[PDB]
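Working notes for the structure below.
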Amino acid sequence: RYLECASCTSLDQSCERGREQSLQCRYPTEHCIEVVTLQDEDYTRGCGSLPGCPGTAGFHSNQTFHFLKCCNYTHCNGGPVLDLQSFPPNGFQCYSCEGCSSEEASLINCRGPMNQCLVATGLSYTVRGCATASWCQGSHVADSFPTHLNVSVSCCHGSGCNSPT
Ligand SMILES: *[C@@H]1O[C@H](CO)[C@@H](O)[C@H](O)[C@H]1NC(C)=O
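Per the numbering used here, the very first residue in the sequence shown carries number 14; after that it's consecutive.
Below you can see the structure in the form of structure tokens.
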């Protein structure tokens, strides 16, 4: 039948404050979705379809945080608003830079499910940080890159394994 999802948008203050709003989605074609990007601060909750649902995907560096979640139960995408600090450190560290070389790259402490060290380059921006595997292997890195460049990703598991060589 229908799936009832939380609904809000950062155009409004609906994410950042208020009673939680509902929206009907067409399941199984659609699911509850929650998309976060903070550098700027874009936040949305509603209906959508991500391949790999239910699940989450995420990436953070020193100055950017992306997170996505998809799920299939009532208001599963609701609750308190997320930021990077909602996620307890997971024990790993990765090098970080924005779109960068060995002459600067600082380690950050990885949080939540973002336990892979990432390097990605777009044909020329380069980014490094902490990522989930689903972020490494999806189309998510191609998105969140300026315009329509050629994207290659490399991820590894192990603290600091994405160091600039
Ligand atoms: C985080 O980034 C800021 C730049 O806005 C920088 O001043 C700071 O040293 C960085 N710290 C870490 C731990 O990455």
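Where is the CB? At the ideal position from N, CA and C, for every residue including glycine.
C-alpha distance - residue i paired with residue j, whole-angstrom precision
i      : j      : result
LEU16  : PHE78  : 28 Å
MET127 : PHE100 : 9 Å
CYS149 : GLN37  : 31 Å
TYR108 : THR139 : 12 Å
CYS113 : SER74  : 12 Å
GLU47  : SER35  : 13 Å
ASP53  : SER115 : 27 Å
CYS123 : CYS168 : 14 Å
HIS88  : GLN26  : 18 Å
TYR40  : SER157 : 27 Å
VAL166 : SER62  : 23 Å
Closest by C-alpha distance to residue i, when choosing among the options
i           : options                       : result
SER119      : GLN52, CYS174, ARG58, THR50   : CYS174
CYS45       : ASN163, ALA19, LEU162         : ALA19
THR178      : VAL164, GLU117, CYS60, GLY71  : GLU117
residue 179 : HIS161, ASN163, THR160, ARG14 : Nothing can be reported for residue 179: it is not among the residues displayed for the chain, which extend from 14 to 178.
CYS143      : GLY151, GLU33, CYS110, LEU24  : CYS110
Same chain, Cβ closer than 7 Å to residue i, neighbours up to 5 away in sequence not counted
i     : result
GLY68 : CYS83, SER147
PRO64 : none
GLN76 : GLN52, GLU111
Check whether residue i and residue j have beta carbons under 7 Å apart
i      : j      : result
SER172 : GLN106 : yes
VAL154 : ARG141 : no
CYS66  : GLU43  : no
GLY71  : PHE80  : yes
Own chain residues within Cβ distance below 8 Å of residue i, not counting five before or after
i      : result
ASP96  : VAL49, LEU51, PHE78
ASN103 : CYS123, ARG124, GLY125, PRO126, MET127, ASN128
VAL94  : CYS28, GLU29, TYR56
Buried/exposed call for residue i, threshold 16 Cβ in 10 Å
i      : result
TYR56  : buried
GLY31  : exposed
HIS170 : exposed
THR160 : exposed
6 Å CB neighbourhood of residue i in its chain, flanking five on each side removed
i      : result
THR22  : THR57
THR145 : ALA70, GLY71, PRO126, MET127
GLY135 : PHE158, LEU162, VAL164
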